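Undergrad: Attaching a single structure in structure tokens format; questions to follow.
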Amino acid sequence: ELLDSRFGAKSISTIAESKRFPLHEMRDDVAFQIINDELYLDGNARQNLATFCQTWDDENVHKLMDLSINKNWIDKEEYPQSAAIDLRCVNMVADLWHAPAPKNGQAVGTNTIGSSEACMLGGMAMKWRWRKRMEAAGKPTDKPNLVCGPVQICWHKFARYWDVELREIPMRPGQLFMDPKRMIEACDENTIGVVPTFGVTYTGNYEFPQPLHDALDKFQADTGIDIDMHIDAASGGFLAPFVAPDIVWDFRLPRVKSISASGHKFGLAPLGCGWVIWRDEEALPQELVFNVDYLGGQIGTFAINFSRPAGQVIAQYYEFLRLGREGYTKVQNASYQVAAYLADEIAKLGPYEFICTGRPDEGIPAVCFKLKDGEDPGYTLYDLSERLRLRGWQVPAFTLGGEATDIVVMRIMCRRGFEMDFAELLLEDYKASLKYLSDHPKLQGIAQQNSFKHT
Amino acid sequence: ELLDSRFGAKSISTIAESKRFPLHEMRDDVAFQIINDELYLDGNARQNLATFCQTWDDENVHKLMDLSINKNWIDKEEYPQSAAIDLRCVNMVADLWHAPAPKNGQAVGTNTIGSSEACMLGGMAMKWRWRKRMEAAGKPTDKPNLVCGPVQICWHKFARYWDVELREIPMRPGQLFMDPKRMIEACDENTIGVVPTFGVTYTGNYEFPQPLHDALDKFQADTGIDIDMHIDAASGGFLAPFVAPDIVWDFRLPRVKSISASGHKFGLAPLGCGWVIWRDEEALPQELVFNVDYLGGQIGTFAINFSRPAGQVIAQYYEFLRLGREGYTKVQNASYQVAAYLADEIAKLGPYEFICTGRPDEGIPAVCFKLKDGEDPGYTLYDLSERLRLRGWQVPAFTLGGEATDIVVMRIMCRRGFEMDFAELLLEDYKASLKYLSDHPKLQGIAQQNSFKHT
Amino acid sequence: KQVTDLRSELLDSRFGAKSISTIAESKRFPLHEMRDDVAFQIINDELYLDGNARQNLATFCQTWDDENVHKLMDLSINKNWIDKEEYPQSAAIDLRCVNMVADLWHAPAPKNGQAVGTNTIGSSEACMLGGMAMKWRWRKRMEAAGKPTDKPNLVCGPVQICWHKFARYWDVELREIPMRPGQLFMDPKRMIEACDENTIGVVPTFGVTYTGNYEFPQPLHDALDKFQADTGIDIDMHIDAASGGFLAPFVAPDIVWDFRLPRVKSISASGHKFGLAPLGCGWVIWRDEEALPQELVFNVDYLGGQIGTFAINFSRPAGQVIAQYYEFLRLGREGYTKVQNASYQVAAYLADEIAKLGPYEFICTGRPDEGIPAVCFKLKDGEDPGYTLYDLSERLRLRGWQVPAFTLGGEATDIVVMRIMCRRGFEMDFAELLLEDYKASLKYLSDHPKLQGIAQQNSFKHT
Amino acid sequence: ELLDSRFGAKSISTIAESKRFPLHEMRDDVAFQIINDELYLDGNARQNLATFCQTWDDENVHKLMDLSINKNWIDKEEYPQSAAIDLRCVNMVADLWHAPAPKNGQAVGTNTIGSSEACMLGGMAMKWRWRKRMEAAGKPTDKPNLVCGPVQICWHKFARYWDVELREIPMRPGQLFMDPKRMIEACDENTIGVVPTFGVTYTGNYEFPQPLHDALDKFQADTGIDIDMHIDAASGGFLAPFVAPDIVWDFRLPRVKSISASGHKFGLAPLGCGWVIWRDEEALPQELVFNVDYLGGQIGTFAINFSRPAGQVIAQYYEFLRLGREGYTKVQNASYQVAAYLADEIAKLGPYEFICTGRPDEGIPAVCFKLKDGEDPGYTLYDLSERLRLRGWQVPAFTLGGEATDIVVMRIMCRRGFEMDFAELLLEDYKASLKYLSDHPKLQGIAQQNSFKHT
Ligand SMILES: *Cc1c(COP(=O)(O)O)cnc(C)c1O
Ligand SMILES: *Cc1c(COP(=O)(O)O)cnc(C)c1O
Ligand SMILES: *Cc1c(COP(=O)(O)O)cnc(C)c1O
Ligand SMILES: *Cc1c(COP(=O)(O)O)cnc(C)c1O
């Protein structure tokens, strides 16, 4: 019966006998080749403008990852040097965010797999601080709520997974984020804390912690209710410090007790890297820290994951070391330049409304636009997305949350390796698409599938 | 002024300015070299018998991991084929654990970073399942407890972070594990479930689910109280199915609603891979599952992390494809023969009483022993542990938990790579140590430091 | 009543097939073939048992990996050094090194364009070549004089073991000036005493293996000149510059030790020590044509005329010469100075810092004008700080560091020293880490008094 | 002014500033490329039929040699595993040559850089053995001699360096080797030993040690004088034990007290590896062995070299383990079948007389032939040799020593990698050279340069 043209031998079908555990062994390199070949069906992401996550390859990151394939992060004993490098990073990130100079030399924070993990960790201490304070006073502590904006999905999880009532201030037309006013309306003694999104996923815009900080101070005076903040700087955290160092959002704000960020977003780390830093020893409840015994003393951890590769910490460190402040500033500005240029060029092409023009002071390096209300140029942005996909380009169109469920937007993400010249290409394909849509009016209204929007 | 003999130029110390974010850029290949050089301080782990995790390099895994560096586990859209390989592995693991053949062709479960995340996930599902049952019966739900043996630390965490009373049945002399009787005294209507550890971290013994299962059956008959189980098969999950298949521990038992294991332990997968499988649709409360829109429809995920590499999943598949049931049976067998050899040989070298002798029907491939009571051979197992460390071997000695807190043990872990030849090297260095310790009596009692134990 | 499913043969977990032991029948020559990749993987796997040497502070030899050196070595795996015909370009490179090394040591300008000297495997080969050369030069001078040649002797200081061998193998009587407290080196006075009409030569060691100090050839050279005026005995030197040989000419070029001294007839050194050559490279250079007795040089025929060799080894790889040429070429005078300086800066820092932590007396504080980049110290006399240097070495080993504590020779058999060697790739950052581990160790020994005096094994001291 | 076309920079010449030590730095890659480029002027040896040494590249060997570039043979302490391997080899080789089973489980021998060092060692042991014995009898030990045959240059070296009178028995027409009768005549009380060369460099025939052994037995019966042997098995050492094991040449013969061989000749190791084995303990004088101290005991070495790579020993081991007896037999026979084929075919091409035709029982895989006396086919072997070179082939013609100064031979060496297909091509170029010389009668007797002949 069946032969394979690669091997010149009897066929082994990954798609049959994929319902059960395999019975027999297979020659090693044959297994390797079968799998390798089917990976060619994966995209490479170079033409993907939806994703936040690092997609550019650096030959040096590959080597570091490869050496670190078995280095256990949780094993501080066998891999003391990796452990050291980790602790360094914790500090360097702490510093980048203006955390108070730490007491003994070592800042209160931890590496994580991503911002998802950093956030629940952020959330758990937030809930714990609120709880303790609340038992102290002698009041019920069974109904905690969290106040926030158009948060990324992980916050919704935390909410459910931790039994916290989520008051997400709903998106609405010409009022897309958490403003002072609607925040204060959602706060009372049962609020564990307020979570501004420093770099909203859906739109790219910054939520500005400073106006929000003011309203929480006035709140305290008025009601004697003290409220903390946690900044989800999933992408913000490695942009602002460099391209807008005078946006005050970080630890410079006394209410911020912790900040998290994805290193594998604008932090230039490979996939698998996240950070969270607490203001000081006191932001982090001791009941959450578990001290594990090892050979030269005992290190306490607050983390969900246990064993895992230390590869990404080493990489993150390598980016940190090679670039520095000076170097990050050049990288991030390169991207803002591309975003900005795309924003200026895309306005010329249709009747668009910009939620985000890719400006260092308003948000991350991303262009995000919607069709001007009740204007009809002969196509939806879904339709336009589709023509562009026929050109290799993943540019997502979708609907926003809240009360702006109505609105369809397009969002372009300018990450590292999307240089000016590709930008150029995109625009040539972008125009080609308008022209084709123009010449075939029947193409209007047909596509309607929301794309992957969450990272 | 300071210079470096690698680079014959101005010194760049990573230990100076290691507390703040660096200002200036560095040549990319110097930064790489600086970090590469400092990783040689890390152990290669080949002589470490403390860890459970994979440390054997295989060129084909290295290659797969390297291709997979930017592949996003959470992005089913752009990496449609990794998405596929992940779904197969879920299926294949379900099968391995005797999951009821899945109704629509896809088993209920999910990849994870490790058992840590897989156990919380399972724990969460326990807590919700129980809640929903009490609510229905109109009863209070404020005091949930979990009943278990000498569990790996990850469970202490679960209890803490999710407000569950952990009834850890205490280790005691001649009574090291969770027995049916002590298990029953700890149970009540608030018990969200029982967790046997099918491969105890501290000693290597299996807690056999079957006797405990009987006890719960009798308990339900007596009280009306229906208690579920989740098996912590961290190591046991990829051992018994192959070398001891008629130990009845898995979904063959009606109460076991979910199983978890480490891919990076005896799963043979590289660091950062774990599995959890649920019996059927009803073991997973829907409220826990979050739906993400993409282009080809929408997928539901129950998972703490978000973005993270697909490398591991793919490597874990390669393992499955290349080995099969046949393959793994031989691989696990090889380990068991070594531990057995070691336990049989070591029993001759001193007054030792074994808690674990590395037999496939008792536990994982590990040797675990303590000094006989009232016998004094002229050294403690800490003393021996240090002599060994001088000849490169990491053979941990530590003390047990609960009421066994008195007991010092030494535990030798046998994993892939640790072949009979090396076990021979180890025996020689063992004997040489016993001899030096014998000629140098003064050394007795000096070392007293607990080694990293939890994995 | 059973539950397992087991196979009745030893299995390997790597290959999922029958076990094959390296330990069983490693006592006879193997009978059967094995799959190549399996043989490779078995051997490679048991090489992870070797140290990587990065925290070895005992050894002199080069241990830092450079990607370019790996590639030259790999290209040269089959390049036979002795085959001047097939590898003529390897042959010219080798010649270029000899010239360069002569220039570096102030050998008088070669009359025909080529210096007198040869590459070797290491200093060992070099010194015996040097010693045969010395022995023969003497021999001839005495038969001319019609005096007996059957009782030769050699006069030197605390030499490296290789001179003990030379002396044994070649029936030369060894007059080793013994070591002794506050006089650890072959001084003018004592040298003179051992010398008579049977002394083939004097061997000063430019950079001592045991401590790291230079014996300074100049003062010994003056003693010898004075010795000739008195007795009429004309005595030659050969300098064992095993490590000094690539240090001083860059960081202390006014220390006069080389061919600027007329009694120096040959110098040897190890390329794979401070030469920055990978393992397997040495050099001996002769002052000139007359320094090398014609009877030692064997003339081999090859296609483009005939070359003469003075070597113990024959067939062997040109990998190291090529690599050592690369070093020479990329670094140059400008560069070696920098590289070498870096290392001296590490020794100097280690010494200044280590002094602060206990009752030590330093034999060698790693200073460009006194010796190589090495710290050597002993415990002060009649002082007990609560450990011996042996014990400290053992706690230190427990953190990965191999820092040798051993006894010295001659009459300082009584004295125990610790010796740190700073070589390329042991940078200031590491030094730091060592220090932190050294303090830790002190603190551990302090809290554990019973530990004192138990350890007494000598470490490998010889390179 | 002057520029380099490779780097579009100022020229840097290696033939200029290569009279004195360079003054300046140079970029690391530029140096690399400069040297690397000139190495293409070196030949690859694939077409060189002069050399005995290993020239065939195997990918597995490259990798091991590259792992061991820093691994110090003399540093038993830092590289314990290499030390173990090195020792295994001494045993394996010992076994191979039928040494008596060693007392304490470790044969008396050592790895060397080559046969040359290996003979020097054997050499000194011979002189010492004789010195000791003669002192014991109260006799003069100032006039030692060595009896031997057409030795390789290392013995001429040994005789000079260590003041021994070399009594070489000279080759002469019709008798090219040390025979029993001329052996006996050169022997006396001052003979430190006899050295038969087990595979003569200049012709490829074996000197057969047995009928010499007889002569030494008969000699001792008559005179009372006892003479020992050392076999120079540079090449034959790793041929005979596989293709012709009942040639009695090794430790079977009681008077053999040491044997030496080149690994990098027929023992298949890369350049830089030799072996010398002693019959037992007593074969090796204790004054020759130096005892270094190290941390886990003390090892006595006997060797001229100190620090050097262990790369080749590890390589040599790899060749032993992967090939075994069965493998080597196959390997070497293939070399002989080429040799045997060349001899038969060359024969058909003109008026030659053979000294050696590549038979397993007479010598090594080598063809060696001279012109028939008083015949003139129209060229000298020197002239043939030159044409052969124009077609890329190194095939040495040269004269023999002593009394055969009159005889010019060609010697073809058949080593691993010179397979049947290349034999064929050689012939096709041999045939054409002969036709050219035929057509150009003027070329005759012009060339007259001896080739490198010594290995
Ligand atoms: C992408 C995103 C996340 C998810 O973070 P991961 O690193 O992908 O786990 C969380 N918060 C925000 C604001 C995001 O944009
Ligand atoms: C090691 C271990 C764990 C932790 O697993 P990771 O895969 O390292 O997250 C959990 N449970 C048990 C029983 C273990 O042995
Ligand atoms: C290292 C050393 C030697 C031996 O050199 P090798 O190249 O290792 O043979 C000789 N003399 C001195 C002074 C040494 O330090
Ligand atoms: C080449 C050769 C030698 C020399 O040994 P090397 O391995 O080249 O150092 C000695 N004897 C014979 C017969 C040889 O052919």
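If you go along the chain as it appears here, the first residue is 1 and each next one adds 1.
Using the three backbone atoms N, Cα and C, a Cβ is placed for every residue, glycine included.
Among the features that Swiss-Prot reports, substrate binding site is placed at A:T51, A:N72. Sequence annotations record features per position, and here Swiss-Prot assigns pyridoxal 5'-phosphate binding site to A:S115, A:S116, A:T201, A:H264. The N6-(pyridoxal phosphate)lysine annotation in Swiss-Prot covers A:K265. Feature annotation from Swiss-Prot assigns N6-acetyllysine to A:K435, A:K442, A:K453; the stated evidence is experimental evidence.
In terms of burial and nearby residues, how do these features look in this structure?
TA: When secondary structure is read from DSSP and collapsed to three states, A:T51 (substrate binding site) falls in the coil class.
The secondary structure of A:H264 (pyridoxal 5'-phosphate binding site), as reduced to three states from DSSP, is coil rather than helix or strand. Taking all protein chains in view, 28 other C-beta atoms sit within 10 angstroms of the C-beta of A:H264 (pyridoxal 5'-phosphate binding site).
Cβ contacts within 10 Å of A:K265 (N6-(pyridoxal phosphate)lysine), excluding its own Cβ and spanning all protein chains shown: 30.
When secondary structure is read from DSSP and collapsed to three states, A:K435 (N6-acetyllysine) falls in the helix class. Annotation for A:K435 (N6-acetyllysine): no same-chain Cβ neighbours under 8 Å separated by at least 6 residues are found.
Around A:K442 (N6-acetyllysine), no same-chain residue at least 6 positions away in sequence has a Cβ under 8 Å from its Cβ. The secondary structure of A:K442 (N6-acetyllysine), as reduced to three states from DSSP, is helical.
A:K453 (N6-acetyllysine) falls within neither a helix nor a strand when secondary structure is assigned with DSSP, and so counts as coil.
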Undergrad: Going through the recorded positions A:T51, A:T201, A:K435, A:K442 in order, which have a C-beta under 8 angstroms from some C-beta of chain B?
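TA: Of A:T51, A:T201, A:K435, A:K442, the entries that lie near chain B are A:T51.
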Undergrad: Which recorded positions from the set A:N72, A:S115, A:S116, A:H264, A:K265 come within 10 angstroms of A:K453 (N6-acetyllysine), judged by C-alpha positions?
TA: none
Undergrad: I'm trying to understand the geometry here, so how far is the Cα atom of A:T201 (pyridoxal 5'-phosphate binding site) from the Cα atom of A:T51 (substrate binding site), in Å to the nearest whole number?
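TA: Answer for this pair: 10 Å between alpha carbons.
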Undergrad: Widest Cα span across the pyridoxal 5'-phosphate binders A:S115, A:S116, A:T201, A:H264, in Å?
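TA: Between the most distant Cα atoms of the pyridoxal 5'-phosphate site, 15 Å.
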Undergrad: If you count Cβ atoms within 10 Å of the Cβ of A:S116 (pyridoxal 5'-phosphate binding site), leaving out that atom itself, what do you get?
TA: 28
Undergrad: What number of additional C-beta atoms lies within 10 angstroms of the C-beta atom of A:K453 (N6-acetyllysine)?
TA: 20
Undergrad: I'd like to know which of the binding-site residues A:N72, A:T201 has the most other Cβ atoms within 10 Å of its Cβ.
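TA: Most Cβ neighbours within 10 Å: A:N72.
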Undergrad: What's the most sparsely packed of the binding-site residues A:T51, A:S115, counting other C-beta atoms within 10 A?
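TA: Counting other Cβ atoms within 10 Å of each of the binding-site residues A:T51, A:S115, the minimum falls on A:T51.
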Undergrad: Given A:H264 (pyridoxal 5'-phosphate binding site) and A:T51 (substrate binding site), what distance in Å do their CA atoms have, once rounded to a whole number?
TA: 11
Undergrad: If you measure A:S115 (pyridoxal 5'-phosphate binding site) to A:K265 (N6-(pyridoxal phosphate)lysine) at Cα, how many Å is it?
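TA: Rounded to the nearest whole number, the Cα-Cα distance is 10 Å.
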Undergrad: So among A:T51, A:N72, A:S116, all listed as binding-site residues, which is physically nearest to A:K265 (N6-(pyridoxal phosphate)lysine)? Use the C-alpha atoms.
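TA: The smallest Cα gap between A:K265 (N6-(pyridoxal phosphate)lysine) and any of the binding-site residues is with A:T51.
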Undergrad: If the criterion is a C-beta within less than 6 angstroms of any ligand 1 atom, which of the recorded positions A:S115, A:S116, A:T201, A:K435, A:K442 pass it? List them in sequence order.
TA: A:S115, A:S116, A:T201
Undergrad: Rounded to an integer, what is the Cα-Cα distance in Å between A:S116 (pyridoxal 5'-phosphate binding site) and A:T51 (substrate binding site)?
TA: 16
